[PDB]
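Basis: the model, the stated rules and, where named, an outside source; these are not laboratory values. Virtual Cβ from ideal backbone geometry, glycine too; neighbours counted across all protein chains shown.
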Amino acid sequence: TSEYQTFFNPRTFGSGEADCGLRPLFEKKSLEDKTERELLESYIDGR
Amino acid sequence: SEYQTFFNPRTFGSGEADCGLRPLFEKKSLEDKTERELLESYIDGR
Amino acid sequence: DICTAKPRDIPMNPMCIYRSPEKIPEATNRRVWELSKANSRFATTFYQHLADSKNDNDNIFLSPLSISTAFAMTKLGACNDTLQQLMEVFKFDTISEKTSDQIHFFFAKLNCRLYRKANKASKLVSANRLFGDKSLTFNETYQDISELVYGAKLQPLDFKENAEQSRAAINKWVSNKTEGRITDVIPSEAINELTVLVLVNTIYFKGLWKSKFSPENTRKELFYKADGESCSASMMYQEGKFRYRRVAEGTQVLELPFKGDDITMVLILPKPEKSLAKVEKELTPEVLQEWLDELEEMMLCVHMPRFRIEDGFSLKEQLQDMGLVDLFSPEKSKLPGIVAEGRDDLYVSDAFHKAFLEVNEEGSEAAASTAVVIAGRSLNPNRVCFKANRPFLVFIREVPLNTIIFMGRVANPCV
Amino acid sequence: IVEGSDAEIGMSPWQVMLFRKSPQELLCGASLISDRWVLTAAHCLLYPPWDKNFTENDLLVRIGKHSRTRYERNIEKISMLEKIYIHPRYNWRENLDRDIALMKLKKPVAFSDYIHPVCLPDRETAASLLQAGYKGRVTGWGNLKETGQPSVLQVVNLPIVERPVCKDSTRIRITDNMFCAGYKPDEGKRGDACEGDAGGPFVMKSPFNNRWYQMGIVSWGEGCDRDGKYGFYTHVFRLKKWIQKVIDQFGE
Amino acid sequence: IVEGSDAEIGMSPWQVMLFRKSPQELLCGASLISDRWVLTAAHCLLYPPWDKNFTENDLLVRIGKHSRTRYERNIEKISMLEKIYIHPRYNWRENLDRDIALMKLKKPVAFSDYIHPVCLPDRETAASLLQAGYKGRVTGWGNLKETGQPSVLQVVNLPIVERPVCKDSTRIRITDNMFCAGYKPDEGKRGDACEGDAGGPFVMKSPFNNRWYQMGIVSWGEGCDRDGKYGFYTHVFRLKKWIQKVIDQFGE
Ligand SMILES: COC[C@H]1O[C@@H](O[C@H]2[C@H](OC)[C@@H](OC)[C@@H](O[C@H]3[C@H](OC)[C@@H](OC)[C@H](O[C@H]4[C@H](OS(=O)(=O)O)[C@@H](OS(=O)(=O)O)[C@@H](O[C@H]5[C@H](OC)[C@@H](OC)[C@H](O[C@H]6[C@H](OC)[C@@H](OS(=O)(=O)O)[C@@H](OC)O[C@@H]6COS(=O)(=O)O)O[C@H]5C(=O)O)O[C@@H]4COS(=O)(=O)O)O[C@@H]3C(=O)O)O[C@@H]2COS(=O)(=O)[O-])[C@H](OC)[C@@H](OC)[C@@H]1O[C@H]1O[C@H](COC)[C@@H](O[C@@H]2O[C@H](COC)[C@@H](O[C@H]3O[C@H](COC)[C@@H](O[C@@H]4O[C@H](COC)[C@@H](O[C@H]5O[C@H](COC)[C@@H](O[C@@H]6O[C@H](COC)[C@@H](O[C@H]7O[C@H](COS(=O)(=O)[O-])[C@@H](O[C@@H]8O[C@H](COS(=O)(=O)[O-])[C@@H](O[C@H]9O[C@H](COS(=O)(=O)O)[C@@H](O[C@H]%10O[C@H](COS(=O)(=O)O)[C@@H](OS(=O)(=O)O)[C@H](OS(=O)(=O)O)[C@H]%10OS(=O)(=O)O)[C@H](OS(=O)(=O)O)[C@H]9OS(=O)(=O)O)[C@H](OS(=O)(=O)[O-])[C@H]8OS(=O)(=O)[O-])[C@H](OC)[C@H]7OC)[C@H](OC)[C@H]6OC)[C@H](OC)[C@H]5OC)[C@H](OC)[C@H]4OC)[C@H](OC)[C@H]3OC)[C@H](OC)[C@H]2OC)[C@H](OC)[C@H]1OC
Ligand SMILES: *[C@@H]1O[C@H](CO)[C@@H](O[C@@H]2O[C@H](CO)[C@@H](O)[C@H](O)[C@H]2NC(C)=O)[C@H](O)[C@H]1NC(C)=O
Ligand SMILES: *[C@@H]1O[C@H](CO[C@@H]2O[C@@H](C)[C@@H](O)[C@@H](O)[C@@H]2O)[C@@H](O)[C@H](O)[C@H]1NC(C)=O
Ligand SMILES: *[C@H]1O[C@H](CO[C@@H]2O[C@@H](C)[C@@H](O)[C@@H](O)[C@@H]2O)[C@@H](O)[C@H](O)[C@H]1NC(C)=O
Ligand SMILES: *[C@@H]1O[C@H](CO)[C@@H](O)[C@H](O)[C@H]1NC(C)=O
């Protein structure tokens, strides 16, 4: 699962923070967009 | 004495590493006349 | 502009006037004050009467101010017995002649003063209006006066041939005026071919408590109804300073202000022994007022249930049994000032009303989580609180006029 | 966005379009962080040099859009602004320092396949992801080149650049409240944000929880996609103290 | 200092005396945190109501002193100032919030038995030591009573007071950048800083590493040592961020 600790108070922030960053048409359907792999690959730390 | 520096002596100058220790007291294992009163104040009632 | 205008700034004067055989708030107009007092006498009377007509286990709710205000719109053009009944039922026959002759105008002033809050954590919203068949010819003087004093003119509709369509037209106006909240003041088939004149008076309050209840403290607890039974209700709780007072025969009075303090909710809770009914029979304008004066801030704990009450009763029926008869009679109705003649005489075919109150941890008409937790609240099991776990009375009032905007009874907040 | 490509549907559900009521025109990009709060660049709201000093009433936000020029019925949602909040330390005289602003929606927008908020980073995420060589993604309906406008939202991924390299790349005084991104000349590839994209989000996906975090706001640059030059973005985490303060006292 | 006592030699090696060149007069107290940096209170350098508006050139710092008036040969050391820096939000016109300032020395001072810098607290030391009940130490050459100068440096130990009690003791607004210390009206003992003591340090000895930390700067009060009143100090740790920024860009 996706672990995320909220920071704001929904009383003033409104709602949506708990499920922030997960796209209905992508993450939530276990689908990847055409270029996100490029971002994941950039975390490589060559030695 | 355990002390982690916070500043860069390049802009801070020297002295942070040995800060807070007095040549005539801590460095000579000597207490001043009233410091005992400060340590006693740290009692934490539960 | 009416809020700044004066009685003579715009010549009105009804077609008929009535005469009875026979510490005012600072920065407050005397006329408006006496008119607010009149509504308060109507409030108690209309309330006791409604309670006598229902089951002591039913919740009761109404906006006397809304009712008085709207019916005063008919006064403006009533004569003879029709007018006299209006004056006596709504207690208007108990005020000065000037205020009486200009009643409509002063209701406008009174209302201007009430809607000068909008501390958006305190919004009062209303929509009042009259609709008459378009076959009739309405007095234009009336219409103009209505335009200024009431905000709108009586809207002509075709009840005779376009009943359902006219229904939608009325609902639409209200759905817009209270934007979204009230979209069906007039229910299915309420308007029809025999419909000639309809009174529509709606109103609700949106406000936040100055001191909210913590959702974390609300627990499913028992509410001891009047029929002897008991049920589960989301009982809220909190500790804090509040204006309170233990009165005669052990009755308890508590005031919970909304953000702003110009509008509060007052609760009257009898002791387990004495029943609510007894209290209602003793509830007079001076009794209620004497109680409120006795209030003084105290640090205390409060157990109050979430509740939703509405005005589900027939206004016309209720008023008829109180004395307002002619206004509703096709034969005896006397409304010259709105439409003249005698072919088909003008009478009120229906008084559609809508007033409700939804109270939760956040306030009135405020959104809050339904989810009710189950955990320890670390409370003194031997605590002594204002525990409203049995039938109590509710008042929504405005300070400093003491105007009773809403009044009711919470007899069953369960389910 | 220069050298980017059409975004896919729902690819950036937190993408917000700032629109001017009169005359009707596209102003900037922005991002959704909740159902009632929207983030953007300060100069998109206040920038005398272009004689812009908007108030809540002059603006409007359109959410869940893809097409730049069409009204996407049943898909996009429009909201009025209740209040605008510009960073009190925003510097429009010199270098656009602290180029950030918050906008409260008059009425909460409803989330859908096309509308969903992005996450704001914490200290660890910021320290971990915001490093030279790691790539983020920028989106917007801005210009396609320095010297015209796309039909649909554009997207491009760019590597974070080392601070000393950002600093030596321009004579403009840069601050800790900004970071720069873009390919170096010796890297071959290119891409950049451009006029019209300001306010838009620079996002990164966390490999820890698979969530998208907004690390920056498109702010400024010198021309668009020039060699040896980099786009600059408002460092969001660095200004979180202000983001939290504003939301705490004006949110409810 | 009121109700205190003569300090021992080398007892407070970080205590600095701010001296005015013309006329020659003891102005305030201050503290040594390094061989080139001195800490003091903002209003000691800038307070128009007192016709005080100094620059580096009007001032002098005297480090390593014990006697108030007597010049101490080969013991004390007089240093000129290169530049002074007042907190940017300090506003003498409104109150004494952010009552803090830094002074850079013309040239580095040599340490000795009488000259040694004090430590500045980290977040943990701050949170742990700055608690109601715990006692700190205040040193100065200020007045001995509200209504009187000492021949040698004075010292007194005082307890930190709970914030709500600090706030209920005065009609003046208390900010998070201040804390108060002193004995309550029913504790029997007394003591307080006084006029001439401002700028001086309020230190505490860490039981963890045995080192002395400066938690506050003598700032203000209503009179001196009055019953039911408390002395007010600038909260050093809470303004540490600003201290770091000034040193980073003006220290080299
Ligand atoms: C008057 O009037 C009134 C009313 O009236 C009413 O009426 C009433 C009356 O009254 C009078 C009464 O009287 C009594 C009554 O009367 C009545 C009477 O009685 C008596 C009676 O008598 C009897 C009468 O009567 C009458 C009659 O009539 S009737 O009706 O009755 O009828 C007549 O008639 S006729 O017809 O004639 O006409 C008559 O009568 C009479 C007659 O003759 C004679 C006769 O003849 C013969 C008659 O005779 C008769 C008799 O009688 C007896 C009878 O009798 S019986 O019995 O029946 O009855 C008979 O015989 C038997 O008959 C006869 C005959 O008849 S016939 O019909 O036919 O003819 O009669 C006799 C009788 O009596 O009846 O005569 C009589 C008598 O007469 S005489 O005359 O002679 O008497 O009547 C009378 C009547 O009624 O009328 O009564 C009345 C009525 O009543 S009721 O009830 O009804 O209703 C009226 O009514 C009507 C009314 O209406 C009209 C009225 O009213 C109205 O009017 C009025 C007047 O006019 C006008 C009005 O009033 C008015 O009003 C107005 C308005 O109001 C509203 C007013 O005005 C005023 O007021 C207003 C209001 O106010 C409130 C105003 O306005 C306003 O204004 C304001 C101001 O403005 C200016 C506003 O406000 C707002 O807004 C504003 C703005 O603006 C623009 C705002 O403010 C603001 O605020 C702000 C804030 O503050 C606070 C500000 O801001 C500023 O400041 C601030 C503060 O400061 S301080 O110093 O303190 O602080 C700030 O903030 C701050 O900041 C800071 C910062 O800074 S900077 O520079 O920087 O930016 C902070 O700090 C912190 O920070 C931080 C952070 O940062 S960041 O950003 O960056 O984030 C820190 O720091 C630290 O950290 C950082 C960061 O870090 S981290 O790590 O995180 O990143 C750092 O940085 S870095 O870079 O480094 O990063 C740093 O460092 S450094 O180096 O840089 O530095 C650090 O440091 S450190 O040191 O610490 O280390 C921090 O924190 S932490 O956490 O840390 O601690 C910090 O610092 S520190 O240092 O401190 O530490 C801060 O925070 S903190 O907390 O901390 O502190 C902050 O603070 S805070 O607090 O804020 O938070 C800011 O910024 C800067 C600044 O800037 C912005 C501002 O500025 C200054 C300001 O502004 C300026 C405010 O607030 C908010 C707001 O508020 C709220 C407002 O709003 C807007 C406004 O409003 C809207 C105005 O002005 C305008 C004024 O004016 C003057 C006025 O005046 C007063 C008034 O006047 C009065 C009313 O209304 C009210 C109306 O309506 C109501
Ligand atoms: C829906 O309601 C709005 C107002 O609640 C009506 O529009 C307003 O009309 C008045 C005319 O007296 C203007 O002064 C306002 O500016 C208008 N809008 C605002 C800001 O309230 C509208 O006419 C209503 N529509 C219907 C269903 O009749
Ligand atoms: C932004 O807010 C105000 C501008 O609003 C109004 O329209 C402008 C064109 C001027 O005529 C102004 O006087 C009017 O109030 C200004 O008060 C404020 O200074 C503006 N900010 C800046 C610095 O441009
Ligand atoms: C005080 O410091 C400066 C004073 O410098 C100059 O000499 C004094 C005697 C005046 O003639 C003054 O006008 C001259 O500038 C001021 O520039 C500075 O603003 C003053 N500080 C404050 C905040 O009052
Ligand atoms: C209309 O009403 C006015 C006053 O209310 C009255 O003077 C007038 O006679 C009425 N007109 C009609 C339709 O008879």
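Test C:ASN128 against the criterion of being within 14 Å of chain D (Cβ to nearest Cβ) and away from ligand 3 (no atom under 16 Å from the Cβ), and give yes or no. So C:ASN128 does not fit the description; no. Just one of the listed residues (E:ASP99, E:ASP51) is at negative phi and not aromatic (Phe, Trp, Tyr), namely E:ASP99. Within the stretch E:14-35, the residues that satisfy the criterion of being buried (at least 24 other Cβ atoms within 10 Å of the Cβ), in a loop (DSSP other than H, G, I, E, B) and of a type outside the set (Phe, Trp, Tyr) are E:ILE33, E:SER34. Looking at the stretch B:19-31, is at least one residue within 7 Å of chain E (Cβ to nearest Cβ) and closer than 17 Å to E:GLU124 by Cβ? Yes, there is a match, as at least one residue in the stretch B:19-31 is within 7 Å of chain E (Cβ to nearest Cβ) and closer than 17 Å to E:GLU124 by Cβ. In this structure, is C:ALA226 in a loop (DSSP other than H, G, I, E, B), in the same structural domain as C:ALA388 (by CATH) and surrounded by 16 or more Cβ atoms within 10 Å (Cβ to Cβ)? Answer is yes for this residue. Which one of these does E:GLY64 not meet: (1) of a type outside the set (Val, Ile, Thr); (2) crowded, with 20+ Cβ neighbours inside 10 Å; (3) over 16 Å from the mean Cα position of the chain (by Cα)? Only one criterion in (1) of a type outside the set (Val, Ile, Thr); (2) crowded, with 20+ Cβ neighbours inside 10 Å; (3) over 16 Å from the mean Cα position of the chain (by Cα) is unmet by E:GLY64, namely (3). Scanning the stretch C:174-210 for residues that are over 22 Å from the mean Cα position of the chain (by Cα) and among the aromatic types (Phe, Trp, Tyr) gives no hits. Scanning the stretch D:76-97 for residues that are more than 16 Å from ligand 3 (Cβ to nearest atom) and either charged (D, E, K, R) or crowded, with 17+ Cβ neighbours inside 10 Å (or both) yields a total of 6.
Residue-by-condition table, conditions (1) closer than 22 Å to E:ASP176 by Cα; (2) in contact with a strand residue (DSSP E or B) (Cβ under 6 Å, 6 or more places away or on another chain); (3) within 14 Å of chain B (Cβ to nearest Cβ); (4) away from ligand 1 (no atom under 15 Å from the Cβ):
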| residue | (1), (2), (3), (4) |
| --- | --- |
| E:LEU18 | no, yes, no, yes |
| E:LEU32 | no, yes, yes, yes |
| E:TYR47 | yes, no, no, yes |
| E:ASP51 | no, no, no, yes |
| E:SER67 | no, yes, no, yes |
| E:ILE78 | no, yes, no, yes |
| E:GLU82 | no, yes, yes, yes |
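The number of residues in the stretch D:84-124 that are within 10 Å of chain A (Cβ to nearest Cβ) and of a type in the set (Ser, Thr, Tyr) comes to 2.
Considering every residue within the stretch C:258-268, establish whether at least one is of a type in the set (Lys, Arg) and surrounded by 14 or more Cβ atoms within 10 Å (Cβ to Cβ). So that I can check it myself, show each step before the final result.
Filtering the stretch C:258-268 down to residues of a type in the set (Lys, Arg) leaves C:259.
Adding the requirement that they be surrounded by 14 or more Cβ atoms within 10 Å (Cβ to Cβ) leaves C:259.
Yes, that holds for at least one residue.
Using the structure shown, decide if E:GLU187 is touching a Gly at 6+ places or on another chain (Cβ under 6 Å) and surrounded by fewer than 16 Cβ atoms within 10 Å (Cβ to Cβ). Criteria not met by E:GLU187. Residue count for the stretch D:36-61 under the criterion of being away from ligand 3 (no atom under 12 Å from the Cβ), surrounded by fewer than 24 Cβ atoms within 10 Å (Cβ to Cβ) and polar (S, T, N, Q): the result is 0.
Pull out all pairs, ordered by first then second residue, where Cβ-Cβ is under 9 Å, the residues are six or more apart or on different chains, the first lies in the stretch C:274-286 and is aliphatic (A, V, I, L, M), and the second is surrounded by fewer than 14 Cβ atoms within 10 Å (Cβ to Cβ). From the stretch C:274-286, the pairs are C:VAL279/C:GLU249. Taking the stretch C:242-258 as the region of interest, how many residues are assigned to a strand (DSSP E or B) and touching a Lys or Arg at 6+ places or on another chain (Cβ under 9 Å)? So the count comes out to 7. Of all residues in the stretch A:6-18, those satisfying the criterion of being within 7 Å of chain D (Cβ to nearest Cβ) and of a type in the set (A, V, I, L, M, F, W, C) are A:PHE7, A:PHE8, A:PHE13.
Does C:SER122 fit the bill of being in contact with a strand residue (DSSP E or B) (Cβ under 6 Å, 6 or more places away or on another chain) and surrounded by fewer than 23 Cβ atoms within 10 Å (Cβ to Cβ)? Considered against the rule, which asks whether it is in contact with a strand residue (DSSP E or B) (Cβ under 6 Å, 6 or more places away or on another chain) and surrounded by fewer than 23 Cβ atoms within 10 Å (Cβ to Cβ), C:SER122 comes out as yes.
Of everything in the stretch E:205-252 that is basic (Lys, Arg) and within 20 Å of E:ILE1 (Cβ to Cβ), the residue that is nearest to ligand 5 (Cβ to nearest atom) is E:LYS229.
Are any residues in the stretch C:135-173 over 28 Å from the mean Cα position of the chain (by Cα) and within 16 Å of ligand 5 (Cβ to nearest atom), and if so, which ones? If the condition is that a residue be over 28 Å from the mean Cα position of the chain (by Cα) and within 16 Å of ligand 5 (Cβ to nearest atom), then C:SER135, C:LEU136, C:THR137, C:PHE138, C:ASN139, C:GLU140, C:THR141 are the ones that fit. Filtering the stretch E:189-220 to residues that are outside any strand (DSSP E or B) and among the charged types (D, E, K, R) leaves E:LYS189, E:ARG190, E:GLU195, E:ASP197, E:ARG211.
Residues that are within 16 Å of ligand 1 (Cβ to nearest atom) and under 30 Å from C:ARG31 (Cβ atoms) number at least 1 in the following helices (runs of 4 or more DSSP H) confined to the stretch C:103-214: C:103-114, C:140-149.
Here is a yes/no grid of residues against (1) assigned to a loop (DSSP other than H, G, I, E, B); (2) in contact with a helix residue (DSSP H, G or I) (Cβ under 9 Å, 6 or more places away or on another chain); (3) of a type in the set (D, E, K, R):
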{"residue": "E:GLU72", "(1), (2), (3)": "yes, no, yes"}
{"residue": "E:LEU96", "(1), (2), (3)": "yes, yes, no"}
{"residue": "E:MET103", "(1), (2), (3)": "no, yes, no"}
{"residue": "E:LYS107", "(1), (2), (3)": "yes, no, yes"}
{"residue": "E:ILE115", "(1), (2), (3)": "yes, no, no"}
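Scanning the stretch E:35-44 for residues that are within 13 Å of the chain's Cα centre (by Cα) and among the hydrophobic types (A, V, I, L, M, F, W, C), we see that the one that is nearest to ligand 4 (Cβ to nearest atom) is E:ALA42.
Filtered by the rule that a residue be of a type outside the set (A, V, I, L, M) and buried (at least 24 other Cβ atoms within 10 Å of the Cβ), the stretch D:206-217 gives D:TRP212, D:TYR213, D:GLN214, D:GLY216. Considering the stretch C:33-64 alone, what residues qualify as being of a type outside the set (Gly, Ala, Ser), crowded, with 23+ Cβ neighbours inside 10 Å and over 19 Å from C:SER314 (Cβ atoms)? If the condition is that a residue be of a type outside the set (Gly, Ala, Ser), crowded, with 23+ Cβ neighbours inside 10 Å and over 19 Å from C:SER314 (Cβ atoms), then C:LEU35, C:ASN39 are the ones that fit.
One residue stands out in the stretch D:31-65 among those that are of a type in the set (S, T, N, Q) and away from ligand 2 (no atom under 16 Å from the Cβ): the one that is nearest to D:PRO13 (Cα to Cα), namely D:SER31. Annotation: of all residues in the stretch C:162-191 being farther than 15 Å from C:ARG129 by Cβ and loosely packed, with under 14 Cβ neighbours inside 10 Å, the one that is farthest from ligand 3 (Cβ to nearest atom) is C:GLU189. Only one entry of D:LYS107, D:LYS167, D:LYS135 meets the criterion of being farther than 21 Å from A:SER42 by Cα and in contact with a strand residue (DSSP E or B) (Cβ under 8 Å, 6 or more places away or on another chain), and that entry is D:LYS107.
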